[PDB]
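As the structure lists them, so they are numbered: ligands from 1, and atoms in each ligand from 1. So that the names make sense, note that chain A is the first sequence line, chain B the second, and so on, each numbered from 1.
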Amino acid sequence: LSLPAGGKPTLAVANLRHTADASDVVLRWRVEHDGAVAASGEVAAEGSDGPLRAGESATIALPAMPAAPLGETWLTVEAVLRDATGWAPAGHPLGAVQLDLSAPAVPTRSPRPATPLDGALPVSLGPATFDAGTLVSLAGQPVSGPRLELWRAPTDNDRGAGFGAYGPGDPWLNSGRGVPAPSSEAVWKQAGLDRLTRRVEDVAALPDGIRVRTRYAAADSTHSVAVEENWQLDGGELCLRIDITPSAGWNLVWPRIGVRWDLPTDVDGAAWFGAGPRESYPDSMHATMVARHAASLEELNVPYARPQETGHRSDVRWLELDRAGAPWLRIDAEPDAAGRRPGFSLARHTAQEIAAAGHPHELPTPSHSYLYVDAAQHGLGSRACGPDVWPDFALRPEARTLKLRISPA
Amino acid sequence: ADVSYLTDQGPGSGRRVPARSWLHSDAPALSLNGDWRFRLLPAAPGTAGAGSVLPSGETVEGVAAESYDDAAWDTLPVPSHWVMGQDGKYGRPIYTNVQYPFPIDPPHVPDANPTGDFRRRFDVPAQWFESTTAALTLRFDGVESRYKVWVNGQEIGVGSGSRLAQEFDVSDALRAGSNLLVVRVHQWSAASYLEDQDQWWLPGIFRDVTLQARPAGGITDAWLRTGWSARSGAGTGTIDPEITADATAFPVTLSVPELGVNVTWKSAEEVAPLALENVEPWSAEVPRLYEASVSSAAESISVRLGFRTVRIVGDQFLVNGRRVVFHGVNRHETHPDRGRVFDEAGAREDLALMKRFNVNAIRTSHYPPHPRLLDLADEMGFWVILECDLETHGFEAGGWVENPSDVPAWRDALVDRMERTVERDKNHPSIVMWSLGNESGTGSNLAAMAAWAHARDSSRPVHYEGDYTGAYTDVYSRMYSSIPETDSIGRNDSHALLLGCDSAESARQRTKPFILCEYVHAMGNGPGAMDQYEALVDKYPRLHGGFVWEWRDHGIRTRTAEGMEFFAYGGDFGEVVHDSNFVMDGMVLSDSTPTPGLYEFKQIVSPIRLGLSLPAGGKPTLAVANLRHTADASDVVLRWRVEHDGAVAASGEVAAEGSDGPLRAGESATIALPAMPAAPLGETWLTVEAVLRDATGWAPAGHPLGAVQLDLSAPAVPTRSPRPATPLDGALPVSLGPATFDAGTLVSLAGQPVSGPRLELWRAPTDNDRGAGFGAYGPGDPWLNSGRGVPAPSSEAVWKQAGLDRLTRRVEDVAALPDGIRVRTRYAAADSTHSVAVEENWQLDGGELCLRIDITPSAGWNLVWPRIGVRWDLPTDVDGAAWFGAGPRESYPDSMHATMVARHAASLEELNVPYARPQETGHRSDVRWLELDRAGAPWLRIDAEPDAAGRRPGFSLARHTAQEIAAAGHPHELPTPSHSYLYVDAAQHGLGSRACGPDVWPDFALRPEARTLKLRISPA
Amino acid sequence: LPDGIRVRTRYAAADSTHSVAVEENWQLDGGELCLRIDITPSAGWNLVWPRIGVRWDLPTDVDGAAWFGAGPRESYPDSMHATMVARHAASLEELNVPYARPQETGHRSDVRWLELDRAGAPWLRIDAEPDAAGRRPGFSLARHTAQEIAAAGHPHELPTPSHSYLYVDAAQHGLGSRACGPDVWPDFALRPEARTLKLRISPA
Ligand SMILES: [Cl-]
Ligand SMILES: [Cl-]
Ligand SMILES: [Mg+2]
Ligand code: NA
Ligand code: NA
């Protein structure tokens, strides 16, 4: 899909089949405004002489689709089978593509950075309650956090060491076999990434807010990550900026950069606008659409035979957490200076507990639900048997900012 | 008395006022500039190693007291540096590049710590104490380094951040009538660790000291954040105002008369964004400003609005929706008499000179300039990278251990520096990037500066070249990356590792816009490669150009013990540690003379790119491309001329037009010029220049932007050389036309005593010839090892080891020819097994004196040669030359773009460039003929024939040998001339930039070869 | 201090991260002036050191010395065989060798005590106590500093003297023959170490 300067949305179609023409296929399109269908239709897959032949390409101009003045406008086109076969229903999708047609972004105006004040800390800020600067509840429910996390429950590929690692050299050298190296899990454990400790440097009032500065580091390590939270009320909304600024020494792939919130166990589902419906990671984004999505815990997370990282939803505009069936908390996320959006995961156990379990049935009975809001996740690759994560999708140490607005749903 | 303030790592102390803009306000104000009472102490009072620094009976901070008697004290101008303009009375400047001039022991500084006490009386109007005034503010725009302030004996506070503004609240200390201000300034402090810029160390109160009376219900700060997007017609402007003021200030009115805006806000809550139709955008090419004011009943602020929007989209740096290519320079305030003290008239002229050489951007290396400079950049049109005052480069050698950038004790200080940088200058449209500082490694504190800037100002990206892995910056910035590495950065099919990065970090840096924050190091004779870097920018959209290091030489005017004036550099002031002439690394000399390297820059970065060709049977065809960011080419005229052996035969003008009127930015066109038939004899050259039709604030009408030539000459007629002759027995000739010989030795030419020719391989080494940072390019494929070369000594080291500066001449034989003479000689250094054979065949051929010189090296020579040429020793009254060839300025194999083939003429002072350290200069290339003059009167002509390969020689004329020049550290150290020396060079080595940057690119490097000169010599 | 003074100083070159801490304890003990100097280098020093000592700046009329220790001529760790322990005396001219190129010369080793004279008249006496390892200091008396000497190509290029300089060295580097031959044999080469000087200073 493309939008030629001055034109209409233009659909390129290539029939990549070996023999069959595209007569069994119909192309269905929809335009959605913030996830809701505003217009839709369907076109036949035709070439220069009837149905698009095996090995033939064509282009089709679709109807004009003016951008909605506010919010986001997305075009999706899906190739589907017209008729049922012995193995699929009529309307079975073969594959899809999207085109962002959104009107120019209206950035939210963030609160000005504020000088800390002497004096008492606020007890409540909108839906948040604090005890001596420690978050204790959000929107009527007990909640702890945010807590920096770098650890993720290692994937099978994070545990692999057959192929070499791509980090240390040009990946095009050595026949693309990488540089002999320990597994990612081995280096992460050796760095103590699974056992970071939190130390409070200082807590201070802001005008209509609170600033908390913390420093995270593993026992027996010289490396650290400073974290600063600025909670501010801005026009009745609770704004939270979190700046994460690592020390200089860090020289390994990081599994993730995010913060964890500890929630009641009855927080059991989420809705979001962003990539979905399933989990996605930097080198695994093709089967995603930007739309409105919703899932319970069991739909969010894949029950892989060995418990590991699962369930990350990328490129999130907003999420809404459901509790005992009903909407409870809304988090809006603003893109950072580089236009990057965070992701989230919702889990019944911490990444440390998951990493410890050999099978799902070996996990303890849950005491919390955990929300991870991730600025970044490492790619997946296939190093259990095959190439490491391709360098473009590999996470190395970096400073990140999360810009959140938190409200009762 | 507590002197812990001297080593404190915090931002400063006392009655500090929150950082805000430098604003043009009508609030009552007065300047405290003038001649203050001053004394210099050798140490900081009250420190452990300063037990008896003060006069008997004076207490550590007694100087502050209103009762203190300073009647006998000298006075010192404020603003100034105490080490400048005083004949050394209070010490001298100290130059270091990277090394700190004190032990690396943070936060401690030496006991020998020049400390200046300043005392000033001044009057404050009684009116300033009326209820119409809410507060009284004392402002320091610049003090090096840390200082403590007392007013009427009360301690007010301590400042840090030498090039950053600091305001203090003196409301409670001042009185109506006469007041006292005392400032104690230390040269060294904990702040000096944060200020290791490559420049002179210059203590003192070097920017303005002022008082302002803050109006009750005034506006403390405003930020009129502007934006622009394209429409039909002019386009749409936006203002997103931020007003910092008390509730009593409202109503506040924003007025922009030209745009018809007059908006009154009745409370803080009404202050809101506005969109304005028919707004012309601001850019460096077209710096359109709109006058505006923001006022309450009590105070009016005048702003000039430039509407422009900066956006990064993937790897593109856009302003107003179009990619910006930076043709910039690194600049800081510099003056041989005044140091870093600002002078508006001088600054305007400086920026005008930049514009005349096609500079469109300035990086403020490596701290904010005087705030007034930014008004000039807004008005004259430069893209600006405004850089915070931070450089900890000296921590590198010890592996960055204790680097303030990653030490928590310094964090508050570093973030405060960024806050003061951003707040002062946030209103200026010329600023399109904030920079965190320079060469300070990496660390959590640098990332915290970036996080603060991002939180405060989303309108401008964050630049910092020490962020090699791209952990917290929005652009990828490098300094002196080679051509191979820069190519690797710009291209989309390379996963090669970049400096300091693993493969993932290298990939992420390639996702951002790229700039060279420093490149083509301009020190001495050079740089080469500017064309190679520009060709990468042409080729790869990710590459956005760069900033030359640097604009000006920083020479300090001083006198020898005998009273001879000169520009001093590092070490000339008796420094213990110093970095010599590395402070002399500008495109412009200390007296403001543009060097040949600046003319080369100008041509290469011309906004109107010209090409010439002659299609078979067609007419001369001119290709024209408008490479500008926004402006069409209506201001430009294309002037052509054809010259027959240098003399104009025909000329004309052509408009730069595209498909629809004037050639638009980004548009290309071709135009057939008139037919220009070749002269049947001699050479015919077409020159086309792009010139400004009309005058600007900074240039006259007809100011050239760039040029191109095309050779249209008739096929060459090769001259008939005398047949090689067999030598005869018997008497040598004495007289061969204009030459006279004594027993085969030349003694005169055309009535004047002359010696020669003498083979010469030595040249007086350029600063680049003396560099050894990057490796040399000879021993390997230059595209390997990221273009970093092979580690190796400097060219000068290998030349001296080989004895190239001390070749000896041995005559093998001398023989008569029929109407001539043959001389065979052999050249070699003492203790060397290598040699060069030289044969001279002088022959009269139809009454013309022909000289063929064949230079045939032995086999074992394995190093670069500086030159291959012959030297002639002439009378000192030989003092000018005319030639037909490349000119009018010196040129070298990797620096030929700003030359034209034509007839040129120059005296000795015009021929040779007075570089701060004497070195190779003055070579004129591609010479057809040269004529030497004796005080304007033509004396000797030499015609040169091209060799078998079509190569033409060049020449230089000098007052001293290459050997004497090489031995002199400054021009004034050269002896009184006893000869003029003509060097006729078959070859010269290229320039490169190895003093800091790549070696000479291999295509332009001189390696041992045999060469022939074919000359005809006649009286002129 | 009770009947004394303690001075703590730190020595380091510009642009260096290394340093040497020095503590002086001056204490009157039974009418005698005792001075203990403890020299304690930082960790990273990784090169041979020329000497470890202290310099005193004196009037130019201090122009001779008597001592009890090794003599009568200069001696260094790898050049001790022609010394005898005895009472010796020398003028400046007899103390220092005029080598064609001015360099280190004049070090007297294994000193129990030294007396400085002004025109033959004894002025100052310094007694040195052996350190914990039994090591004794040495001394040199010079008309110029080691820096000034290093800078001069010939004796006649030195400036008119403005002081006499006494160096009391805990250690000197050996001599070897590296201008053409083996380096100093390791047994005699000086590497960074902490040293103490224990002195008693009196009028002679
Ligand atoms: Cl913890
Ligand atoms: Cl000779
Ligand atoms: Mg130059
Ligand atoms: Na410096
Ligand atoms: Na420099």
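- For the Mg ion (ligand 3), the N/O/S atoms of B/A522 include one lying under 2.8 Å.
- Between B/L386 and B/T421, some side-chain heavy-atom pair lies under the 4.5 Å cut-off.
- The minimum distance between the Na ion (ligand 5) and any N, O or S atom of B/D585 involves atom OD2.
- Considering only heavy atoms from C-beta on, B/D585 comes within 4.5 Å of B/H521 through its side chain.
- Distance alone, capped at 3.5 Å, is enough to place a donor-acceptor pair between the B/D894 side chain and the B/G992 backbone.
- Look at B/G526 and the Mg ion (ligand 3): an N/O/S atom of the residue is under 2.8 Å from the metal.
- Salt-bridge annotation for B/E796 and B/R763: absent, with no side-chain N of the basic residue lying under 4.0 Å from a carboxylate O of the acidic one.
- Taking the Na ion (ligand 5) as the corner point, the angle from B/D198 atom OD2 to B/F582 atom O is about 150° (rounded to 10 degrees).
- B/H81 places no side-chain N or O within donor-acceptor distance of the main-chain N or O of B/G339, the cut-off being under 3.5 Å.
- At a cut-off of 3.0 Å, B/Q99 does not coordinate the Na ion (ligand 4) through any N, O or S atom.
- Taking the charged nitrogens against the carboxylate oxygens, B/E518 and B/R478 have no contact shorter than 4.0 Å, which rules out a salt bridge.
- Inclusion of B/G586 in the first shell of the Mg ion (ligand 3) is not supported: no N, O or S atom falls under 2.8 Å.
- The N, O or S atom of B/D196 lying closest to the Na ion (ligand 4) is OD1.
- Vertex the Na ion (ligand 4), arms ending at O of B/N97 and OG1 of B/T96: the angle is 100° after rounding to 10 degrees.
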